[PDB]
Amino acid sequence: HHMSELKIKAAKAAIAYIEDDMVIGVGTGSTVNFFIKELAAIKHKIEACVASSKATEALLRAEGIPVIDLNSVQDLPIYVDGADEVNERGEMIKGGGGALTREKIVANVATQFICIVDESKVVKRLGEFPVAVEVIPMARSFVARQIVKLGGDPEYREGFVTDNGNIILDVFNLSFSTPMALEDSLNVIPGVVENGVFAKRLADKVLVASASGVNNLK
Amino acid sequence: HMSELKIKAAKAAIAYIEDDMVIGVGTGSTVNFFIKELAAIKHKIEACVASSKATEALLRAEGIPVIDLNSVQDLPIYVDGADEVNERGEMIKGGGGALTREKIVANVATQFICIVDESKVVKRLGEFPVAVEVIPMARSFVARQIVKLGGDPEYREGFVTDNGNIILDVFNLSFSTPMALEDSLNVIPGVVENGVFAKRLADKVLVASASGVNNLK
Ligand SMILES: O=C(CO)[C@H](O)[C@H](O)COP(=O)(O)O
Ligand SMILES: O=C[C@H](O)[C@H](O)[C@H](O)COP(=O)(O)O
Ligand code: NA
Ligand code: NA
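Residues numbered from 1 in each chain as written, not as in the entry; some residues may be left out. Chains lettered and ligands numbered in written order. Heavy atoms only, no water. Residues with missing side-chain atoms left out of burial classes, pairs and counts.

The PDB entry lists chain B under the name Ribose-5-phosphate isomerase A, with Legionella pneumophila subsp. pneumophila given as the organism. For this structure, the PDB entry title reads "Crystal Structure of Ribose-5-phosphate Isomerase from Legionella pneumophila with Bound Substrate Ribose-5-Phosphate and Product Ribulose-5-Phosphate". The Function comment attached to chain B in UniProt states, word for word, "Catalyzes the reversible conversion of ribose-5-phosphate to ribulose 5-phosphate." Regarding chain B, the relevant UniProt record gives this comment under Catalytic activity: "aldehydo-D-ribose 5-phosphate = D-ribulose 5-phosphate". (UniProt positions renumbered as here; feature names shortened; annotations may be inferred.)

Looking at the PDB entry, one finds chain A named Ribose-5-phosphate isomerase A, with Legionella pneumophila subsp. pneumophila as its source organism. UniProt annotates chain A under Pathway with the comment "Carbohydrate degradation; pentose phosphate pathway; D-ribose 5-phosphate from D-ribulose 5-phosphate (non-oxidative stage): step 1/1." Recorded in UniProt for chain A, the comment headed Sequence similarities runs: "Belongs to the ribose 5-phosphate isomerase family."

Caption draft 1: Summary view of the overall build of chain B. The number of helices and strands found in chain B is 6 helices and 13 strands. The globule rule puts the C-alpha radius of gyration for 217 residues at 17 Å, and the 17 Å found for chain B is close to it. Reported as C-alpha extents along the three principal axes, the dimensions of chain B are approximately 50 × 35 × 30 Å. Residue pairs at least 24 apart in sequence account for 72% of intrachain contacts in chain B once pairs closer than 6 positions are excluded. (Helix = DSSP H or I, 4+ residues; strand = E, 2+ residues; numbered from the N terminus. Rg over C-alpha atoms; globule rule 2.2 N^0.38 Å. Contact = heavy atoms within 4.5 Å.)

Caption draft 2: View of the packing of helix α1 (residues 3-15) of chain A against helix α2 (residues 30-41) of chain A. All names here are of chain A. At a minimum axis distance of 8 Å, the contact between α1 and α2 shows a crossing angle of 50°. Of the possible angle classes, the one that applies to α1 and α2 is oblique. As α1 packs across α2, the resulting crossing turns out to be right-handed. Across the interface between the two elements, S4, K7, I8, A11, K12, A14 and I15 from α1 touch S30, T31, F34, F35, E38 and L39 from α2. (Axes fitted to C-alpha atoms, helices over the stretch in contact; angles between N-to-C directions. Parallel < 35°, antiparallel > 145°, perpendicular 65-115°, else oblique. Left-handed = near helix turned anticlockwise from the far one by under 90°.)

Caption draft 3: Main features of the UniProt feature "active site" in chain B. Residues and elements named next belong to chain B. Those places that UniProt annotates as "active site" correspond, in this numbering, to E102. Sequence-distant contacts of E102, that is, excluding residues within four places in its chain, are made with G26, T27, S51, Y78, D80, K93, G94 and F197. Side-chain polar atoms of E102 contact the backbone nitrogen of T27, separated by 3.5 Å. (Polar contact = N/O pair within 3.5 Å; in protein donor to acceptor, adjacent residues only side chain to side chain.)

Caption draft 4: Examining the coordination of the sodium ion (ligand 3) more closely. All names here are of chain A. Protein coordination at the sodium ion (ligand 3) comes from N187 (O), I189 (O) and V192 (O), with a distance range of 2.6 to 2.8 Å. Counting residues between consecutive donors of the sodium ion (ligand 3) along the chain gives the motif N-x1-I-x2-V. No difference in accessibility class separates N187 from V192, as the two residues are buried. (Donors = N, O, S within 2.8 Å, 3.2 Å for Na, K, Ca; no water. Buried < 20%, exposed > 50% of the residue type's maximum accessible area, 1.4 Å probe, protein only.)

Caption draft 5: Local environment of the interface of chain B and chain A. Taken together, the 29 residues of chain B in the interface contact 30 residues of chain A. A breakdown of the residues in the side of chain B that touches chain A according to their chemical character gives 13 nonpolar, 8 polar and 8 charged. (Nonpolar A, V, L, I, M, F, W, Y, C, P; charged D, E, K, R; others polar.)

Caption draft 6: Expanded view of the sheet that holds strand β1 (residues 21-25) of chain B. All names here are of chain B. The sheet built from 6 strands is open, its strands ordered β2-β1-β3-β6-β12-β13 with mixed pairing. Every interior strand has two partners, whereas the edge strands, β2 (45-50) and β13 (212-215), have only one. Averaged over all pairs of adjacent strands, the angle between strand axes in this sheet comes to 25°, irrespective of strand direction. Bridging between β1 and β2 involves 5 bridges; their strand directions are parallel. (Pairing = 2+ DSSP bridges.)

Caption draft 7: Spotlight on the site of ligand 2. All names here are of chain A. Residues in contact with ligand 2 amount to 17 residues; listed here are only the nearest, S30, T31, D84, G95 and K121. The side chain of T31 places a nitrogen or oxygen atom 2.8 Å from an oxygen atom of ligand 2. A distance of 3.4 Å is found between an oxygen atom of ligand 2 and a backbone nitrogen or oxygen belonging to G98. About the coverage of ligand 2: the protein hides 90% of its 390 Å² of free accessible area. Secondary-structure elements contributing two or more residues to the shell around ligand 2 are α2 and α4 (100-109). For the shell around ligand 2, the class distribution of residues is 3 nonpolar, 9 polar and 5 charged. (Near = heavy atom within 4 Å. Areas by Shrake-Rupley, 256 points an atom, 1.4 Å probe, with all protein chains shown as cover.)

Structure follows, in structure tokens:
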């Protein structure tokens, strides 16, 4: 079973939750990109999409799917996105692809967050995959010092700039004993724009694809 | 003459500049008078860190060397203004829209010298609005969340920060617990930073008035 095939199964399983005339928030990454291909097939049935990254926006426009600005939306019934790690509670680590900031923003406007993953993203405990932290560029060294004080090990993602013009520190070895408190503790640091811990905005449903099929972990 | 007062406060901060220091420099009209004072002692300065692109342009135009904050580990002094300040050293900042890099530089600096004319001194913070810097696509969302905190956000139309973001100027927030307020703004997704300076206080508050400059703190 190709990894591609599991991602396709999970993508198609999210399609079943799309109702006519919805505005659809779309996440980022390779699993989401198979979902974009599924959305193209039913794009006459929906109104528009909100894009969590410029890459996602380009892919949606290439399919002829209308894209609209989040500020022109107050009611977003569904957000579909992948994750780097997800557990049965629906807590996630996101940001491997560097889009965690707009991802968290769209996810917070959306009523229902559908997380689509193959089985390798499911973990019993969060924390092995690093936490991407988006940082104002001139604050890089200061923020890294503050993260070390929190017991994290930050690694600058060389050469990468986010959609928002910032850099990423990928942080290893943080404690996830209290993940909501951890998510806040990063964000209150001057120069931190956002971080990849999704503990305050959980996935409402977690669709996990394996060889047997797609399982609603949540 | 508010300008005369601002000049007095600026000169009073110059007395804290020692030889071979790297000097962090704030933003705004009071700081711009201090930039003119700094020019007169260029020979004494190693370099300055700039809290805004505008401040960098003013420093470079005086021939004052500018270095990037990521290259600095020892930043002994930061000199900045404020929109409001109390004797505790809590401040509202961001009237000029530079509050994000200001707070970053302030937090690297050892000593924060706040320079103000008398009109900036308040017993209770809160009359001047709190500038909140927001990821542009998150604007309406952040506004809705700020309304839930009891604030009235007003989009600063046409303005873009040094970081490519927009400002909501927020009125009527409760300052009963200023540090918790500062945090509650910064945890909202899409908020980059806000103008409440309650976790990083001014270490010295130099207040210019008719009678001279008084160290409120
Ligand atoms: O925080 C600031 C800009 O972001 C300024 O320091 C503040 O607005 C005070 O400026 P001025 O001295 O012109 O009153
Ligand atoms: O910013 C990146 C997002 O968190 C992605 O949704 C996440 O990295 C999952 O990506 P993929 O489906 O390619 O594994
Ligand atoms: Na922050
Ligand atoms: Na935030």
